[PDB]
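[1] pasting the sequence and an experimental structure:
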Amino acid sequence: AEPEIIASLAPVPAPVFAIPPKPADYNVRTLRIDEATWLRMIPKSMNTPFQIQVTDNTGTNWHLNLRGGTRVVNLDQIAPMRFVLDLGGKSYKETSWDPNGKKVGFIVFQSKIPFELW
Amino acid sequence: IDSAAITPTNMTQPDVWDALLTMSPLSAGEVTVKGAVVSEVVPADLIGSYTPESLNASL
Amino acid sequence: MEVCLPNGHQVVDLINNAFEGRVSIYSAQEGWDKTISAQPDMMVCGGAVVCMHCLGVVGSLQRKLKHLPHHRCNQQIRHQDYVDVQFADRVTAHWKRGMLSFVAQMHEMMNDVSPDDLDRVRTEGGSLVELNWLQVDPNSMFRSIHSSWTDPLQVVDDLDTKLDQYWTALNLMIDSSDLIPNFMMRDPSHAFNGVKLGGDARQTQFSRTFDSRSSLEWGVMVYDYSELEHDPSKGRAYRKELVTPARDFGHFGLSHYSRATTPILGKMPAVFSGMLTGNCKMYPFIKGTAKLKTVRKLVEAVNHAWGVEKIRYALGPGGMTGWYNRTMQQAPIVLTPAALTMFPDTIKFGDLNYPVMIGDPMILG
Amino acid sequence: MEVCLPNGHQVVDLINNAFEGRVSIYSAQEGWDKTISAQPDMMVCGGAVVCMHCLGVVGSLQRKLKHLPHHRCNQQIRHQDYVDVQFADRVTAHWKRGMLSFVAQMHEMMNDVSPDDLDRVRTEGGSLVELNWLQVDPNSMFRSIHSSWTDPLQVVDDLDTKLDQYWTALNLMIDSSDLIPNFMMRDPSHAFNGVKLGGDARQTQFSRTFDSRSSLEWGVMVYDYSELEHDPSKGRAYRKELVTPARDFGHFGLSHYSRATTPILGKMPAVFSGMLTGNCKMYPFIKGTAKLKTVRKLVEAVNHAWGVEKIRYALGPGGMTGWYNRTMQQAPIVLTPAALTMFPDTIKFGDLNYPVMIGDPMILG
């Protein structure tokens, strides 16, 4: 257990202090921005959705829509990591949208403008 | 995402984030505090400095 | 006993509770009571008790406290650093009391109005009731020069319930009688800009916030519908089809929209939440960034007093300044009551058609 | 570096993408582009890059690839093993482009219909638009006798969105004007079996798939309603109450169902998704078992050129042959788009009423 390490009063290197970690679970939609410092939101009342086109590694093009209330994860200062997403049990059903047969994916943006001003 | 353009009236959900996310570190030499990486950590100052909400929302 | 700094969401909760004026203050002279002004010692923020002399967490709400606990205090925090929050809280409390007085006076006059008068006013348009503008708030901040913010608060019970009941009764009576009041606005922002001022009111200044570097003494502001009742082409049918609030806001009996009032007191519009939400609550029309600005001095005081590692481990990434900037960026989402942004969008009668002047409140059919 | 075999769901995804006509194929001379046919080197199956020389998983979609990575490839798989999938993909692409050409010609011409003629058509029935079937994609392999599936693909950008816009506009004006088309079917399976054949069409041979042996050079089929117009008892009101598609499929705007077309091109019926799903997507009417038939030779090659324990650990219980049998059992849902099973249950007009003949498409009324 290493009592002197766990009770030091001076800075300790991260490789020395660290131990094998464990996975964690979250639900991004139900989190709160004030507590979660790694989440960014497009502020509401923006109320004018805009379309956009993005190409994948192979070269195929895809269409996405960005509106007010969209959340992203700040990928800076969070260390190498792996994300797995599961949508089992949700509905995502609307009058003019049937989820069966549709496609979902991860999109990564690199930009110089803060995400809130988009 | 769709190969064709999506009419903004048909789709109203901002995203598909209403799901379950599993997050796993890919290294054992980095440590984060309140969601940001630090090179060194002082153990004595981590005592009594975490609310339940912060601990739940931590990395 | 060592102590630790509070957290960001706790500070945000403190700011919110200050701006709806329910922050609990502990002073050695007065205990937990807040009727008599005194130098604060601890406050409750985010469900944690914090000592003002060090801004350190000393306890919580789970266990009762009868005195200031024995602890190590740096005593590096001064009253000038956090006087702003106390000022905002006290001003909000006084404003709430004044609004309650005005509303209850209006409702009691409503009850005193005679049924034959109701019948006559419903038959042909006329001024059902009017109140002279001098009586409201005789000795408060907003209508006197002698009073000050240090003055004792006026003691009332179940203030929120009284506000809800009186406001609901008044609105139901107005909707039943198809009346027209001169003190309700469709959009509070039109009070700050978008309305023509009359009766000298052109000289007013709207600080749009409760602050020390401004004057809170001013007269009551009401709409001018004299020409509205003057025009012979206008008929009671037109008044009921367009000028009646229920036509634009909707039936208060079944509506989730929030109502607003003219800057009666302190040059500050009041917003009442819709009844369908569960209850009617009154909120001042204040901007989130203006709310956030009150802790600028406290940020510097904390940076001077506490240590870098403690600040980083408590507040979060970037320290106190980083938290300040991030909360500035996210101010509209978090530092905003829900009722403040849930106003009706479609407007028919229009909130900008007649001037606003200092005069006697009056309602008509 | 050694490699491992892909998985069953990945192979199913590959089959689905191949039969929908979107498979990323990398060739040495051309790259990731597919305009010019060549020998495939690697293809994307369910998010995994697979080397065609030895069917090994060499990469993924998460990192960019510019060349075939250095790896130990057994070089035991020949072009004959997987030529079938490439043939199906290219044939699907050509068919989609030809169908878009046909539909856009229909849209532009029946838009060029004049308003007075349209009104006269509403008043009494008539042939609004007529296109010679010789004008429908002359240079396609389905029409031209000197065009092969190896010919370059026509460059059509934003293909699916253009197709959706044209199809939606066409159907909207059709059901707004209550017109009668000749190239739509209530049930596409009747074309394969259940519709009376015209004199010239009595020699038709339906392969019901896209295969090497089948001959895809054939004429353009349309329904025959000349006797419908010549029918004395037939009136415009009767056409509206029965012959109108909206009477059975439902109104295009509020219809969650799927539309079907006659074998216009390549003797293969097409199916269009409705508005309520979200958009119009076009699929062929190929059965899932026919799609699954294409990988039998690939299964044989893998069994011949891979270790039994590797196959068991990668594909699953029973080996790759067991996977083939299980997928054959499970085909009706795993290898079938949901659109293909959303056809109208009951049709009062019927789809076998009148014969089908190879001739000029028209929109009549």
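    Structure's in. What do you need? Residues are numbered from 1 along each chain as shown, chains lettered A, B, ... in the order given.

[2] contacts and neighbour counts: CA atoms only from here.
    OK.

[3] counting contacts, what elements does the helix or strand harbouring residue C:271 pack onto?
    Per DSSP states H and E, residue C:271 falls inside strand C:270-272. Counting contacts by 3 or more C-alpha pairs under 8 Å, 6 or more residues apart in numbering or on different chains; DSSP states H and E, strand C:270-272 packs against strand C:259-261, strand C:282-284.

[4] what does it rub up against?
    Outside strand C:270-272, the residues that touch it by C-alpha atoms under 8 Å, 6 or more residues apart in numbering or on different chains are C:258-263, C:280-285, C:339-340.

[5] recalculate using a threshold of 6 Å.
    Residues from elsewhere that reach strand C:270-272 (C-alpha atoms under 6 Å, 6 or more residues apart in numbering or on different chains): C:258, C:259, C:260, C:261, C:280, C:281, C:282, C:283, C:284.

[6] adding distance to chain B, write those out as a markdown table.
    Listed next are the contacts of strand C:270-272 as a markdown table, based on distance: C-alpha to the nearest C-alpha, whole Å:
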| residue | distance to chain B |
| --- | --- |
| C:258 | 25 |
| C:259 | 28 |
| C:260 | 30 |
| C:261 | 34 |
| C:280 | 30 |
| C:281 | 28 |
| C:282 | 29 |
| C:283 | 27 |
| C:284 | 29 |
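
[7] and which of the residues you listed is nearest to chain A?
    residue C:258 (17.2 Å; C-alpha to the nearest C-alpha).

[8] quick one: that closest one from residue C:186, how far?
    Distance from residue C:258 to residue C:186, counting by C-alpha to C-alpha, to the nearest Å: 9 Å.

[9] what's the burial count for the nearest residue to residue C:290 once chain neighbours are set aside?
    In this structure, residue C:290 finds its nearest non-sequential neighbour in residue C:209, 6.7 Å apart by C-alpha to C-alpha, 6 or more residues apart in numbering or on different chains. Residue C:209 has 17 neighbours, counted by other C-alpha atoms under 10 Å in any protein chain shown.

[10] so residue C:209 is in which element?
    Under DSSP H and E, no helix or strand contains residue C:209.

[11] can you list phi and psi of it for me?
    phi -160, psi 160 (degrees, to the nearest 10).

[12] quick one on the thing from earlier: can you list the contacts of strand C:270-272 in CSV and add distance to residue D:347?
    Formatted as CSV, those follow (distance: C-alpha to C-alpha, whole Å):
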residue, distance to residue D:347
C:258, 52
C:259, 55
C:260, 58
C:261, 61
C:280, 56
C:281, 59
C:282, 61
C:283, 61
C:284, 63
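
[13] now, which of these sits nearest residue C:114?
    If you rank those by distance to residue C:114 using C-alpha to C-alpha, residue C:261 comes first, at 25.9 Å.

[14] ok, that closest one - contacts?
    Counting by C-alpha under 6 Å, 6+ apart, residue C:261 makes contact with C:183, C:184, C:185, C:269, C:270.

[15] quick one: name the residues of chain C near chain B.
    By the rule C-alpha under 6 Å from any C-alpha of the partner chain, the part of chain C lying against chain B is C:314, C:316, C:317.

[16] redo that, cut-off 7 Å
    Contacts of chain C with chain B, taken as C-alpha under 7 Å from any C-alpha of the partner chain, map to C:4, C:310, C:313, C:314, C:316, C:317.
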